Amino acid sequence: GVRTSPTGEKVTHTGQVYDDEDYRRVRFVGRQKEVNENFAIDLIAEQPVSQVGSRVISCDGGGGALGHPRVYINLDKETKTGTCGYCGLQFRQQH
Amino acid sequence: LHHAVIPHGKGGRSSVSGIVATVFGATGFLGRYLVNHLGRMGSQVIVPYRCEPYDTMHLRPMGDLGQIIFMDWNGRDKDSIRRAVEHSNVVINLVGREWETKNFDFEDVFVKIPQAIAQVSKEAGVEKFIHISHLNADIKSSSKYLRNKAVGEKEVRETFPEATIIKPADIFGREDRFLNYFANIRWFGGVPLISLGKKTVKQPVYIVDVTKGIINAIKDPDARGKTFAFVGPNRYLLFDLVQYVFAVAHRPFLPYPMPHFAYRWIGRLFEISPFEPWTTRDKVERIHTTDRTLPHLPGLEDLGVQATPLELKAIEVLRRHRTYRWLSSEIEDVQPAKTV
Amino acid sequence: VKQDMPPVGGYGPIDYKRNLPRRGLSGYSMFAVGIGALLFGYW
Amino acid sequence: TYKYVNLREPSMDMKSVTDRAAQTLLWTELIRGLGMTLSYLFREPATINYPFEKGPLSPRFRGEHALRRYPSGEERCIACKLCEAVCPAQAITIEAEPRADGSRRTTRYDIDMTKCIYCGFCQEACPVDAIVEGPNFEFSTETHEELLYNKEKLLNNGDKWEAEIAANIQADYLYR
Amino acid sequence: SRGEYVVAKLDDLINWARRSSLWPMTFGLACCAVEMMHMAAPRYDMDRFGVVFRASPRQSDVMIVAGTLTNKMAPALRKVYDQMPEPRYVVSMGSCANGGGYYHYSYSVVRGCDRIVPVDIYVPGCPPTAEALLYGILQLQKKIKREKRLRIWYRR
Amino acid sequence: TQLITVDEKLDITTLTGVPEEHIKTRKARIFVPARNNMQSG
Amino acid sequence: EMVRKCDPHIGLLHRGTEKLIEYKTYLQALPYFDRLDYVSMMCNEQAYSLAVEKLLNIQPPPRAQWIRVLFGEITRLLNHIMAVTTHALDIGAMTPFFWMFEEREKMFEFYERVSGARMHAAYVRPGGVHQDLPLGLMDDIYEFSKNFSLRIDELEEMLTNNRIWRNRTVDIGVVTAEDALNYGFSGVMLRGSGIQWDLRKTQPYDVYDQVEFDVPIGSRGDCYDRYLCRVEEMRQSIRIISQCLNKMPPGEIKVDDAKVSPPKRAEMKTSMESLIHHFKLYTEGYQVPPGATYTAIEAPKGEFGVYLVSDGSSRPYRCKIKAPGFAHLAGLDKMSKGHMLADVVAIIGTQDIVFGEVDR
Amino acid sequence: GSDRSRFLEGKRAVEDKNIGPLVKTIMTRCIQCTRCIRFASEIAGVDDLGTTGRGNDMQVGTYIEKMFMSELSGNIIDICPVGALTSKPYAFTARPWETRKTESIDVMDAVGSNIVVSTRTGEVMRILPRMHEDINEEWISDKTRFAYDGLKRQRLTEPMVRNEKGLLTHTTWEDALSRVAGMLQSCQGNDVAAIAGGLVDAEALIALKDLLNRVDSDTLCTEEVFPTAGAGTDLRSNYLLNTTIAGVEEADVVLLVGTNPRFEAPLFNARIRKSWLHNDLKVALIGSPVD
Amino acid sequence: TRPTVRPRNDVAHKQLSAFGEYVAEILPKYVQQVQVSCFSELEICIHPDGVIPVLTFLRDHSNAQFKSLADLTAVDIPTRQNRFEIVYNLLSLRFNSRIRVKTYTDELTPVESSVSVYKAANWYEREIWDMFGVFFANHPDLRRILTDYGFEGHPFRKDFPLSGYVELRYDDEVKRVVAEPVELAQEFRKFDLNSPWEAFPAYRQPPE
Amino acid sequence: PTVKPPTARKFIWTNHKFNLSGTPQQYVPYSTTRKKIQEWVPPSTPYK
Amino acid sequence: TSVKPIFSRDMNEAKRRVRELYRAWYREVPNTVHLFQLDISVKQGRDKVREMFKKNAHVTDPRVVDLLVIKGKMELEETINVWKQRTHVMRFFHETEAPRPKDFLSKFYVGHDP
Ligand SMILES: CCCCCCCCCCCCCCCCCC(=O)OC[C@H](COP(=O)(O)OCCN)OC(=O)CCCCCCCCCCCCCCCCC
Ligand SMILES: NC(=O)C1=CN([C@@H]2O[C@H](COP(=O)(O)OP(=O)(O)OC[C@H]3O[C@@H](n4cnc5c(N)ncnc54)[C@H](OP(=O)(O)O)[C@@H]3O)[C@@H](O)[C@H]2O)C=CC1
Ligand code: SF4
Ligand code: SF4
Ligand code: SF4
Ligand code: SF4
Ligand code: SF4
Ligand SMILES: [K+]
Ligand SMILES: [Zn+2]
């Protein structure tokens, strides 16, 4: 989900791009700007929300020791989903 | 004014001087010193090069990381120049050649390319444009060099009303073609001159002083639209100048006269070489041309540059031309030249 | 547990002493060969 | 507990004296050295045909740096700055801020490859296995500034070599 | 026509003869010198590619800067580089010669050898492996192959 | 004896090798550092 | 061509290691010791680890000690190969260099298999070692140790009996015992001049008092006796390697004090205490109690010592590195009195000098 | 503590609460130390934090969607031993081991709070209080703690002069300085005057006073009005807090006239509240019935 | 305290304490302090005037025989009025022991050279003079040994910055390797890693 | 990989690229952060 | 305040050492410009020597001026043999360094440094 500025230079996920009057664009003349197009926010926004049947849940990122430290998420709010702090997965109580 | 062009630091190698300069023909003689002086204050330098990158290797270590940007360009391609100068704020024009080749004549390198560069710098909104002409540029000059330089200087002035034109007299330095030419002529005989070389007056100028004048003209806001004349602090006749050159090199000095028509035929023979010619008729006519005096134009003293005489740098230039016997001779054991 | 281990009986023998072949003939054989070649060449 | 190297006195017997004279005159040990070199001529040379053959490596190898992601698209780094604090050469520069969905992510993550000593402390100080030191070693450049990696280059390296780093971590992670 | 064909063939010939006869000088300073002579070991054997050491700077083509360039070493490195006849090439080995490496903030270490000599190939690592140095040498050979010197002369 | 009566002011500015711009334009600050208020230590 | 004076100007590789060490933590200063002696790296790691463990009043597990001694013997093999082969290359015989550098490549493969780096492993750390050995490593070590005796045998056959090699070493650089003691010579110089001294037998460290081996002793102090002592040290290193392979204990490889060595990744992602200790060990580092100590081990070049002064914080106050190359190069001026150019390059070769550990 | 864990069961989880756009609250990390309640009940004097529940399920909070908005709402961030109450503008920006700490003086109010500016690579990151028992013992008002992000915004970076149209365009130092000097040389007497702002140092004030005195202009003014009847600014007694900031610790009767010290000098009001709580100060106000 | 606590050697501690008493009562003119650390290491802190007789006694006495000078350092502690501390490490092969001898000096008081006992002390105190500025009187050849040829200052003094005051780069105008004032592209980021909680109560200094 | 293929996700490159140094597709470094200090844009109105 | 000397008891002997060192340096300057092949005149080198001597003219403590005499003799011995290079000799002439601002106005224009 990359976005291009009116000058033709792409914008990274951090929002960095060069202005039209910036002299630092000359480093890209005759070469190319290395920008990663797999924006992580869009890919984590497409994960389905996991419906569980407990007040609390545990997340480890999948894979056990190959993931993040095991955190515990509370699901007492019926308005918002409980998002894991590391992997960004969101869980939701079915009641 | 942009935030990234504000100067920062103490003017060192890693500092930011706020100067974005495109120097044309930087792989030559003045270009080395100009890029060296620009890179040591921390300036963004753009080098468009026509030759091999291997010839730009020596220019590579002259500045910090990402401060020198090399790219290709052609003299007959305005789009490449538009690519080169679209982000710069100072453009410096040092394009020239001592001879005309099978592809470029004197009109191409002295009239067409400077006019194209100045036109595309004006169209790209570059505030400061600097053109390096010659001091003796005359429309009625004998050689095509000075005629084409005068025509190109007029074209640049008429197409860029805010252009600064710098007119050096004659540059001497480590990699010059003025003192080295005289010190290498000794191979072919006994240094022929025209009328014994006592009818022409020269005032050569050191390369570092020319570079300092160029840098100060970049920094000075009042140099926009001026036409400077960079000349040395002393005037010598040609005969005792060549005598001092050979006395520095500790070489036997046996001058002999040569007629003007006989010297032109000699220059015709040397200039048929497909490589760089050792000499030519244009070099002959410029060697035996008196340097004119223009008191109405500002000089190096108006830019705060103190002119250094030839006596303090001639040994540095010409020490490589001595034999083993005279390699370690000091500064002062050479009788200095006689001025006018 | 699983780890890198030596075998139950240990590893096999490993040499660490000098072993030079000390080949060649005796000196008398070499001298006799040389003298025989000399006399044959002389004749 | 010690041995007397080079304390062997010679033997004065006339037969061995004649043998030593024959060795002196006819150069026995010189022909011994010649024979050893001749026998060493007729062996298989140990030259591997680079680049068509590569030397052996281990799954613990320390090469080019890369940034990994979770198996859903989310990048693994959480801007905890442990790698930049454990780095012995100060080659890591991190600047962080919360992004649009309130997740603790980086905005700047630079590794200076010309300062990095390739000791692998960052890949073992990372609590989420985000930064890894992959198996790539043929990445020499023609310019100094091409060896100054920013976050986009590290993420591109991670996406380029994930199929190998995942298998190497799977093979090795029970020792760490 | 014919002149461009002739100068292209001559460029190809001289580029092959220069890239297949690289003679580096015996020059090392530190850990990376041990890795360079491990590249010269029988496992990798750079002598296969025509790459053979020549100790004198006058008879060498490529200079390999392997080690840490201190302040006491920089004039010697610059002088030895100047005495090497044209054409000459420089390969940077390790992080010390690239940007100072471990000792970047040291008071007596030149931050990268590119401040002294013009460097063609930068080989990263600490130490870069023998395969990595062989890769850098092959990259320098491929860079030499892409030279158009007589083409540039004919066009100018 | 072998002891010299020395009464002049002690200085080693000419031996440290620091340039003058970092010796007469600087300003040293001597202080007990304040406690980090995030912690009670 | 007769030498009248030698003045070795050094400091061309002075990186100023022992100031940047003071500016960094102990784990950050650990890779600095690999690059002093870049051909005896793991022994330097062992010396630094032993000094820090002595200051911290903790000890490694037995398996870490046995791994340390085995890999120190492997590093001694590497160093002695390079020393003998480079000395022969300086003299003029270049075939053993290419002959034994294949074996050097094999031990480099062992280093990369156990640590992930060919030379600068950063494997031996205060508290033990960083990682356990991968499966199947010791069998390949066993095969290499099986063939290395024949490799040393063919090197010795091509060198030790050649009269051209003998003429360049029999009466070159003769050092008496008293001047060897007075000039601070240590290791192979002392043992070749007749001094029965070894740090592995007299002041033992981790498990060197449980393995048995012999010590070569020279008789004339020349280059020939020192070369023979190096060859015998290689053979005894093979003997110790076999002894360590046969007697490897099971168990852990780090000290179980989790406030010094970092915990495993399985418990760092499970336990709160383990994660807290991982954070504070990889950010601040462990606090070493105040004190000054001097720990010296028998590196292949001789007595390698670290003088460590700690002020109670997480960073060292002072670290001084004593390398045998400094004293050997100081004695080079006396050792070359009354010799020639080829004799002085022989004396340079018989002193195994790496200038990283000399210039620091 | 010890070096490893014997716990093997599931950890608890506490629902996070919202108390305002200044303090980020993650109550899974709270250890129920009850410094929140004590600070809000004794020093802030708000009485809005409490402990609802019993046993392991006790939660420190407000029990409703109420925003803890007082003038001293960053000190609960300061005195939380864990990361439960963190700073919302500072969130996920830096780490404590890399910030350079420089001791400075707050100029937001007239109290003169001693602070520490912690920066990172020439960039102001956060402002912390300093221990000084005579002014701001270990607290500061939240304006002091959170004015830095506006300090780094809308800045004047280049000298600007009016062009031929009448718009401020950027120029060099020399041109603008020459224009100001050329205007200054043409005025003499009461044709030139100066106004001081609210964040001006004494160095700039004395430099401007001397420069205007070289042209014989004594008309120098400040934005705040003070009556000059009688002695005026001659004696230092009639325009100073003559006792001390900490002089209210010993006093027993105070009388405030026409002031709101809760929003003028919040630490002076905090010290007055502390004297009222401990030494039983008697407080009376003349003015509007503010809280 | 069996597996993870380093065992102590009480026999070595007692023997080294006995020898410390022996040395301190043999030479009462110079010995100021004698201390044995918890890992059985002896330190004999003496007066700087008695450098040469203490080392001569340790080298030549029949009951000491400390024939080897293992290592000789210098440590800078700026808060003392004698900011430089010179440390000698000696090894006795006959009795198989190591002893440490510490002395003190400031920048202007010369120290007597110990080349008359051990000849490695020549290069050792030459390096000490190079890195700290401690002048060693009656020295045969005292010059610089590690620093640059035109280097001014002593790098290992604690008031010397980590990066020096100059740096070297090649200039093409003079065709020379010239030295300029330093300008780092990225500054050395100083880290504050001291914990504000006391770790070891045994080393607690008394208050004022 | 014919016998044991690696695990495939949705972000791994489907087209490998060799060393691109010296080519127009080489990597150029840049700062990945936004502006740090905002600057006071002057008004576009007459001041009388 | 009685302290150990270095070489001279009082300032007269230290001045004698300074004078002898400066005599030897003044002798050495022609050989220095000859062997190292500098492009400066002998007068320029002698003015540089005089300026380097005048840079330490305000110090009156015998021990520190003895130490400077020791350092100057060390540098003289370093230059007597060819241990310096051309660059080490010409590092006393800061030709590559640009001239710094001196007055208040140029320092105010160039940056925030005092
Ligand atoms: C007017 C008409 C004439 C015009 C003038 C030109 C006349 C001919 C000039 C000489 C030949 C020019 C062409 C040179 C080769 C061009 C093609 C080329 O570069 O091929 C590359 C190939 C090796 O490929 P590489 O990239 O090295 O692969 C790595 C290994 N996997 O290379 C190879 O596989 C081998 C290349 C061999 C090159 C030719 C053989 C050497 C030169 C012989 C002639 C010159 C010398 C004569 C004797 C001189 C005295 C000794
Ligand atoms: N004698 C002197 O030194 C004096 C010179 N001048 C003027 O100063 C200028 C610089 O002179 P100088 O440096 O000494 O001379 P050089 O010949 O050494 O350098 C000229 C530069 O121009 C480039 N150039 C030449 N022809 C072309 C072309 N057709 N297209 C593109 N680039 C081209 C060259 O690059 P490449 O190597 O690729 O060909 C080179 O970099 C000239 O204009 C000259 O007239 C003025 C007064 C005195
Ligand atoms: S491998 Fe080591 S030196 Fe390199 S970035 Fe990681 S921690 Fe830093
Ligand atoms: S250690 Fe890992 S999670 Fe932490 S900042 Fe570094 S890469 Fe990111
Ligand atoms: S880059 Fe690393 S391996 Fe190479 S010399 Fe430097 S420290 Fe040694
Ligand atoms: S100060 Fe922190 S730990 Fe204490 S009650 Fe408040 S949130 Fe909980
Ligand atoms: S840093 Fe402190 S408050 Fe935060 S999770 Fe760790 S122990 Fe809890
Ligand atoms: K908090
Ligand atoms: Zn998760």
# chains A, B, ... in the order shown; residues from 1 in each chain; ligands from 1
call {"tool": "interface_residues", "arguments": {"of": "chain B", "to": "chain A", "cutoff": "9 Å", "atoms": "only C-alpha atoms", "output": "PyMOL selection string"}}
result
chain B and resi 2-5+20+44+46+66+69+71-72+83-84+86-89
call {"tool": "write_last_selection", "arguments": {"atoms": "C-alpha atoms", "output": "mmCIF file, in the first residue's frame"}}
result
data_model
loop_
_atom_site.group_PDB
_atom_site.id
_atom_site.type_symbol
_atom_site.label_atom_id
_atom_site.label_comp_id
_atom_site.auth_asym_id
_atom_site.auth_seq_id
_atom_site.Cartn_x
_atom_site.Cartn_y
_atom_site.Cartn_z
ATOM 1 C CA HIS B 2 15.048 25.749 3.338
ATOM 2 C CA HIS B 3 15.914 24.223 6.706
ATOM 3 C CA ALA B 4 18.531 21.858 5.246
ATOM 4 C CA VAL B 5 20.497 24.660 3.531
ATOM 5 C CA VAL B 20 24.964 23.029 -3.354
ATOM 6 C CA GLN B 44 27.108 19.226 -1.468
ATOM 7 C CA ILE B 46 27.632 17.486 -7.910
ATOM 8 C CA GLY B 66 27.248 11.518 0.254
ATOM 9 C CA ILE B 69 27.367 12.942 -6.413
ATOM 10 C CA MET B 71 26.611 11.439 -12.774
ATOM 11 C CA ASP B 72 26.946 11.277 -16.543
ATOM 12 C CA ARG B 83 19.053 16.729 -14.659
ATOM 13 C CA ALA B 84 22.348 17.945 -13.190
ATOM 14 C CA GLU B 86 17.770 21.060 -11.104
ATOM 15 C CA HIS B 87 18.714 20.800 -7.410
ATOM 16 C CA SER B 88 21.856 22.945 -7.249
ATOM 17 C CA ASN B 89 21.986 26.550 -6.116
#
call {"tool": "residues_near_ligand", "arguments": {"ligand": "ligand 6", "cutoff": "7 Å", "atoms": "only C-alpha atoms and all ligand atoms", "output": "number ranges by chain"}}
result
H: 27, 30-37, 60, 76, 79-82, 84-85
call {"tool": "write_last_selection", "arguments": {"atoms": "N, CA and C atoms", "output": "short mmCIF file (atom, residue, chain, number, x, y, z; two decimals), in the first residue's frame"}}
result
data_model
loop_
_atom_site.label_atom_id
_atom_site.label_comp_id
_atom_site.auth_asym_id
_atom_site.auth_seq_id
_atom_site.Cartn_x
_atom_site.Cartn_y
_atom_site.Cartn_z
N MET H 27 -3.09 -0.83 33.98
CA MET H 27 -3.26 -1.30 35.35
C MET H 27 -2.94 -2.77 35.54
N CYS H 30 0.13 -2.45 37.80
CA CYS H 30 0.03 -1.85 39.13
C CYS H 30 0.16 -2.92 40.20
N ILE H 31 0.89 -2.59 41.27
CA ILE H 31 1.11 -3.51 42.37
C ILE H 31 0.37 -3.07 43.62
N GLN H 32 -0.58 -2.14 43.49
CA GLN H 32 -1.42 -1.65 44.59
C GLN H 32 -0.59 -1.10 45.74
N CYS H 33 0.35 -0.22 45.40
CA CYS H 33 1.19 0.44 46.39
C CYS H 33 0.50 1.60 47.08
N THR H 34 -0.62 2.07 46.53
CA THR H 34 -1.43 3.17 47.08
C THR H 34 -0.62 4.45 47.29
N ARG H 35 0.17 4.82 46.29
CA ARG H 35 0.72 6.17 46.26
C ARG H 35 -0.17 7.12 45.47
N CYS H 36 -0.95 6.57 44.53
CA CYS H 36 -1.95 7.35 43.81
C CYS H 36 -2.93 8.00 44.77
N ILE H 37 -3.51 7.19 45.66
CA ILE H 37 -4.56 7.66 46.56
C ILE H 37 -3.99 8.66 47.54
N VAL H 60 -7.00 -0.21 41.61
CA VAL H 60 -6.86 1.22 41.86
C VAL H 60 -7.44 1.96 40.67
N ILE H 76 1.97 11.94 39.72
CA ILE H 76 1.60 10.54 39.89
C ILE H 76 2.38 9.66 38.93
N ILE H 79 5.79 9.40 40.79
CA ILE H 79 5.88 8.62 42.02
C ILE H 79 5.34 7.20 41.84
N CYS H 80 4.99 6.80 40.63
CA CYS H 80 4.61 5.42 40.41
C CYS H 80 5.86 4.57 40.28
N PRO H 81 6.09 3.60 41.17
CA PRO H 81 7.31 2.79 41.07
C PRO H 81 7.33 1.86 39.87
N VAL H 82 6.20 1.62 39.23
CA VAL H 82 6.12 0.72 38.09
C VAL H 82 5.68 1.52 36.87
N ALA H 84 2.86 1.56 35.43
CA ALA H 84 1.41 1.60 35.32
C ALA H 84 0.92 2.97 34.88
N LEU H 85 1.46 4.03 35.47
CA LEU H 85 1.11 5.40 35.12
C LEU H 85 2.31 6.02 34.42
#
call {"tool": "residues_around", "arguments": {"residues": "residue I:75", "least_positions_apart": "2", "cutoff": "8 Å", "atoms": "only C-alpha atoms", "output": "mmCIF file with N, CA, C and O atoms, in the first residue's frame"}}
result
data_model
loop_
_atom_site.group_PDB
_atom_site.id
_atom_site.type_symbol
_atom_site.label_atom_id
_atom_site.label_comp_id
_atom_site.auth_asym_id
_atom_site.auth_seq_id
_atom_site.Cartn_x
_atom_site.Cartn_y
_atom_site.Cartn_z
ATOM 1 N N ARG G 318 39.770 0.185 34.991
ATOM 2 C CA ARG G 318 41.049 0.092 34.305
ATOM 3 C C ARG G 318 41.263 -1.339 33.843
ATOM 4 O O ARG G 318 40.954 -2.284 34.571
ATOM 5 N N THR I 73 52.238 -1.292 35.147
ATOM 6 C CA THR I 73 51.169 -0.441 34.641
ATOM 7 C C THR I 73 51.230 0.938 35.282
ATOM 8 O O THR I 73 52.145 1.263 36.041
ATOM 9 N N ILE I 77 43.837 8.147 38.936
ATOM 10 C CA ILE I 77 42.704 8.461 39.796
ATOM 11 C C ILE I 77 42.709 9.963 40.053
ATOM 12 O O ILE I 77 43.485 10.460 40.868
ATOM 13 N N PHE I 84 48.459 9.712 39.906
ATOM 14 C CA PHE I 84 48.983 8.564 39.180
ATOM 15 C C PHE I 84 49.440 7.495 40.159
ATOM 16 O O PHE I 84 50.133 7.795 41.134
ATOM 17 N N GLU I 85 49.050 6.253 39.894
ATOM 18 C CA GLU I 85 49.437 5.109 40.708
ATOM 19 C C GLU I 85 50.173 4.115 39.823
ATOM 20 O O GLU I 85 49.614 3.632 38.834
ATOM 21 N N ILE I 86 51.415 3.809 40.183
ATOM 22 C CA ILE I 86 52.277 2.924 39.408
ATOM 23 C C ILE I 86 52.296 1.558 40.074
ATOM 24 O O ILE I 86 52.550 1.450 41.280
ATOM 25 N N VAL I 87 52.037 0.515 39.289
ATOM 26 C CA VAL I 87 51.803 -0.831 39.800
ATOM 27 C C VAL I 87 52.813 -1.777 39.164
ATOM 28 O O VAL I 87 52.879 -1.887 37.935
#
call {"tool": "atom_distance", "arguments": {"atom1": "atom CA of residue A:42", "atom2": "atom CA of residue D:72"}}
result
10.5 Å
call {"tool": "atom_distance", "arguments": {"atom1": "atom CA of residue I:17", "atom2": "atom CA of residue I:36"}}
result
6.5 Å
call {"tool": "residues_near_ligand", "arguments": {"ligand": "ligand 1", "cutoff": "10 Å", "atoms": "only C-alpha atoms and all ligand atoms", "output": "list in words"}}
result
residues 50, 51 and 52 of chain D; 2, 3, 4, 5, 6, 7, 8, 9, 10, 11, 12, 13, 14, 15, 16, 17, 19, 20, 49, 138, 141, 142 and 145 of chain E
call {"tool": "residues_near_ligand", "arguments": {"ligand": "ligand 3", "cutoff": "8 Å", "atoms": "only C-alpha atoms and all ligand atoms", "output": "MDAnalysis selection string"}}
result
(chainID D and resid 62 65 83:84 86:92 111:113 115:123 133) or (chainID E and resid 102)
call {"tool": "interface_residues", "arguments": {"of": "chain E", "to": "chain G", "cutoff": "10 Å", "atoms": "only C-alpha atoms", "output": "PyMOL selection string"}}
result
chain E and resi 29-35+37-43+45+67-74+76+100+102-110+126-130
call {"tool": "atom_distance", "arguments": {"atom1": "atom CA of residue G:144", "atom2": "atom CA of residue D:137"}}
result
26.8 Å
call {"tool": "residues_near_ligand", "arguments": {"ligand": "ligand 2", "cutoff": "8 Å", "atoms": "only C-alpha atoms and all ligand atoms", "output": "PyMOL selection string"}}
result
(chain B and resi 24-31+49-52+55+73-75+93-98+103-104+108-110+113+132-135+149+167-172+176-178) or (chain E and resi 156)
call {"tool": "select_by_dssp", "arguments": {"residues": "stretch 76-182 of chain H", "states": "strand (DSSP E)", "output": "PyMOL selection string"}}
result
chain H and resi 85-87+100-105+114-119+124-129+160-162+168-170
call {"tool": "residues_near_ligand", "arguments": {"ligand": "ligand 4", "cutoff": "8 Å", "atoms": "only C-alpha atoms and all ligand atoms", "output": "ChimeraX atom specification"}}
result
/D:67,76-84,94,106,122-123,125-131
call {"tool": "residues_near_ligand", "arguments": {"ligand": "ligand 9", "cutoff": "12 Å", "atoms": "only C-alpha atoms and all ligand atoms", "output": "JSON, numbers by chain"}}
result
{"A": [44, 57, 58, 59, 60, 61, 62, 63, 64, 66, 67, 68, 69, 70, 71, 72, 73, 82, 83, 84, 85, 86, 87, 88, 89, 90, 91], "D": [70, 71, 72, 74, 75, 76, 78, 128], "G": [269]}
